[PDB]
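First up is the structure itself, then whatever we jot down about it.
Cβ placement follows ideal geometry from the backbone for every residue including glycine, while neighbour counts extend to all protein chains displayed. Every read-out reported here was derived from the displayed coordinates using simple, explicitly stated rules and does not represent laboratory data.
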Amino acid sequence: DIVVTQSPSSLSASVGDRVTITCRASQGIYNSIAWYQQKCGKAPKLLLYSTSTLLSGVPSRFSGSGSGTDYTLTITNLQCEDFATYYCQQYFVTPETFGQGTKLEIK
Amino acid sequence: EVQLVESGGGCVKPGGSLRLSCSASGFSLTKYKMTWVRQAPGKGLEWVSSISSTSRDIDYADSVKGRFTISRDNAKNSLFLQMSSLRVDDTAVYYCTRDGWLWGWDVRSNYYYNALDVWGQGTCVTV
Amino acid sequence: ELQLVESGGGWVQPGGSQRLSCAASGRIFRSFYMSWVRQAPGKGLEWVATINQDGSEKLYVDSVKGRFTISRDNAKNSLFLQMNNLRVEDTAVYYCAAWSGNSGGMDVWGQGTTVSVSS
Amino acid sequence: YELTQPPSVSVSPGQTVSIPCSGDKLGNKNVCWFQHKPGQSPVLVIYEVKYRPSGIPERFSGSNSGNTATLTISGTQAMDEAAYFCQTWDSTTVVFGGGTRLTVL
Amino acid sequence: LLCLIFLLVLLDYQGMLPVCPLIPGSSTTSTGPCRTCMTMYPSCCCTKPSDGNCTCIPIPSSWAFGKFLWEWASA
Amino acid sequence: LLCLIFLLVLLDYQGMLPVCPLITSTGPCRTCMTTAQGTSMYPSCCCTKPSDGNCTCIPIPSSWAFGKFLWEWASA
């Protein structure tokens, strides 16, 4: 019931660069957004939860920010492993709506 | 190592039925709320269903509500998703995830939500 | 307290196999991480393996990765290390260690068994 | 991952010594110090950067400055003559130091 | 006695009794040594012997003592 | 009620109630141990970090965690 828009649809960046992905919820989810990374034909892996907490095995390059309805995922340094599709999901209230997904390509 | 492995995925005639069996190794399903997330070919992730730690809070997505049936087995440490009357639009890769750890009585406010910390491997269901 | 006793260490031909068994003397053994640490002759301590309380999380050093298998019988209060395809450099005194809840490290140790893998 | 210790240190019969332990970013890791007398099982001396288990004498103390851990023994006696190993985890594998055979004249 | 029980219940409902959960055996949150709180809400932590880091779990905000008693009597 | 109070006091004495020692001084966080029934570890610290503060990991008392916490709460 919560429309969680994710932008941009796709973006290219150099081998070393800072990339920001924006996620805007329909209504306030109160810092309950999570960011997942899905590589080429693999199960998505949780990168961030609670908008700030990293997960074990996740590089420190990924970070999260924002509050209320607008949240951002920032990758300060890129690498070949960072080619995937990133999804933002709100788990503030059921149903757990995911984002549309952003395709990240290294230029 | 925390891991989930699902099965029961394959080609199915429209209007048929499949049952997905997601076992877990390295941990236990007894105190975790389990979730199903599907991904249509060329589309994005989509929540399907979620079952509480003691099968009290059952939630289904509005697209698959009424047809699907999620059910856990903590003694066998295995989640299950019985899919009934599969439409041609239900073809997707289904992942069984782990959403929230229960501490206390089984209410939605007694969980520690880490937002699907460990994902399964994904079983393809083609209609 | 908790007392650990190692057994099953002895001479074995290179490429052979051994099963070192660490018998505990308490029911608190089931509540501790159990690790195997070896001290080779003329060298210092070297970690070998670690297993959690339930036995579902087994960790090994890269030197014995795949060759060794650590497994515990909580009901029998024992901790076994099965060494398969041993090598000349696996000669060492092996100690089992208990990560007790009253310390941040492994503060319970056994006597140790002198595995001598040589021809 | 490598922990670098001196091969051996010299102690007066009642003086204080400090066994160092080099490493890569040891300031963000827990360093446990053991005491392995020859012919005896290792004895945990310090289980945190600076915290001692029950029964260990108060003479032992721990510190962690920068990328260097340190085990300080004040008022060392003849019963401290042993090898001291600093132990820390790299990612999931515990790593011991090369050993510092304390020598008390 | 009864008044003390009711006062404890009232303090537990408001989350003023920090009886903290049993830390899960399998937590995937990235952490470090306990002296570096990388996570922060008041949390109960134990040093994990596997990776050497700390596994933490925040104190329940609704009924900490009640939840702990329920989980103790459920096993 | 008396039986419940006696059971709670006994659990407090045995160290079965891990109540945070907060009413500071950083302390050790000992290794994780599982309880008698369950795969969940028993907590050993009470790490808390304010918004603009530092780590305060005070270890959970073993003798009387709940009793000591209540005494500290009353004294403060």
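Can you say whether F:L22 is within 18 Å of E:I5 (Cα to Cα) and of a type in the set (A, V, I, L, M), as far as the supplied structure shows? When the stated conditions are applied, F:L22 does not pass them. Taken together, the residues in the stretch A:1-50 that are buried (at least 17 other Cβ atoms within 10 Å of the Cβ), more than 10 Å from A:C88 (Cα to Cα) and β-branched (V, I, T) amount to 2.
Criterion first (closer than 24 Å to B:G15 by Cβ and either within 14 Å of chain E (Cβ to nearest Cβ) or crowded, with 21+ Cβ neighbours inside 10 Å (or both)) does B:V48 satisfy it? So that I can check it myself, show each step before the final result.
Details: closer than 24 Å to B:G15 by Cβ: yes; either within 14 Å of chain E (Cβ to nearest Cβ) or crowded, with 21+ Cβ neighbours inside 10 Å (or both): yes.
Yes: the conditions hold for B:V48.
Name the one entry in D:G62, D:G27, D:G39, D:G55 that is away from chain C (no Cβ under 14 Å) and either crowded, with 21+ Cβ neighbours inside 10 Å or more than 12 Å from the chain's Cα centre (by Cα) (or both). Break it down stepwise before answering.
Details: D:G62 fails: away from chain C (no Cβ under 14 Å); D:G39 fails: away from chain C (no Cβ under 14 Å); D:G55 fails: away from chain C (no Cβ under 14 Å).
None of the other options fit; the residue is D:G27.
For the stretch C:38-58, the criterion of being of a type in the set (V, I, T) and farther than 22 Å from E:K48 by Cβ is satisfied by no residue at all.
Of the strands (runs of 3 or more DSSP E) entirely within the stretch C:17-87, those holding at least 2 residues that are β-branched (V, I, T) occupy C:45-51, C:68-73. Residues that are farther than 29 Å from F:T39 by Cα and of a type in the set (D, E) were ranked within the stretch C:74-119; the one that is surrounded by the fewest Cβ atoms within 10 Å (Cβ to Cβ) is C:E89.
Against the condition under 30 Å from E:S74 (Cα atoms) and basic (K, R), how does B:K13 come out, does it pass?
Details: under 30 Å from E:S74 (Cα atoms): no; basic (K, R): yes.
Against the criterion (under 30 Å from E:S74 (Cα atoms) and basic (K, R)), B:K13 does not qualify.
Report, by residue number, each residue of the stretch C:107-119 that is part of a strand (DSSP E or B), within 13 Å of chain D (Cβ to nearest Cβ) and among the small types (G, A, S).
Filtering the stretch C:107-119 down to residues part of a strand (DSSP E or B) leaves C:108-110, C:113-117.
Checking which are within 13 Å of chain D (Cβ to nearest Cβ) leaves us with C:108-110, C:113-114.
Once the filter is applied, which keeps residues that are part of a strand (DSSP E or B), within 13 Å of chain D (Cβ to nearest Cβ) and among the small types (G, A, S), the stretch C:107-119 yields only C:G110.
Just one of the listed residues (C:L20, C:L59, C:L45, C:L86) is closer than 19 Å to D:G97 by Cβ and either of a type in the set (A, V, I, L, M) or within 10 Å of the chain's Cα centre (by Cα) (or both), namely C:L45. Give the stretch D:82-99 a look and list any residue that's away from chain E (no Cβ under 14 Å) and within 19 Å of C:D107 (Cα to Cα), or say none. Listed by number, the residues that qualify are D:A82, D:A83, D:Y84, D:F85, D:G97, D:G99.
Evaluate the following for D:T88: is it in a strand (DSSP E or B) and among the hydroxyl-bearing types (S, T, Y)? Answer is yes for this residue.
The set of residues in the stretch A:51-64 that are more than 8 Å from every other protein chain (Cβ to nearest Cβ), out of contact with any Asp or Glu (no Cβ under 9 Å at 6 or more places or on another chain) and surrounded by 13 or more Cβ atoms within 10 Å (Cβ to Cβ) comprises A:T51, A:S52, A:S63, A:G64. Return the pair list, or none, for Cβ contacts closer than 6 Å from residues in the stretch E:29-54 that are among the basic types (K, R) to residues that are surrounded by fewer than 24 Cβ atoms within 10 Å (Cβ to Cβ) and assigned to a loop (DSSP other than H, G, I, E, B), at least 6 apart or on different chains. Sorted first by the residue in the stretch E:29-54, then by its partner, the pairs are E:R35/F:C55. Do we have B:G104 as assigned to a strand (DSSP E or B), of a type in the set (G, A, S) and closer than 30 Å to E:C56 by Cβ here? No: the conditions fail for B:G104. Taking (1) part of a strand (DSSP E or B); (2) within 27 Å of B:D57 (Cβ to Cβ); (3) touching a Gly at 6+ places or on another chain (Cβ under 9 Å) in turn, A:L46 satisfies each apart from (3).
Restricting the stretch E:38-62 to residues that are surrounded by fewer than 22 Cβ atoms within 10 Å (Cβ to Cβ) and more than 12 Å from chain D (Cβ to nearest Cβ), the residue that is nearest to the chain's Cα centre (by Cα) is E:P58. Entry remark, the stretch E:18-37: residues being part of a loop (DSSP other than H, G, I, E, B) and more than 7 Å from chain F (Cβ to nearest Cβ) number 8 in total.
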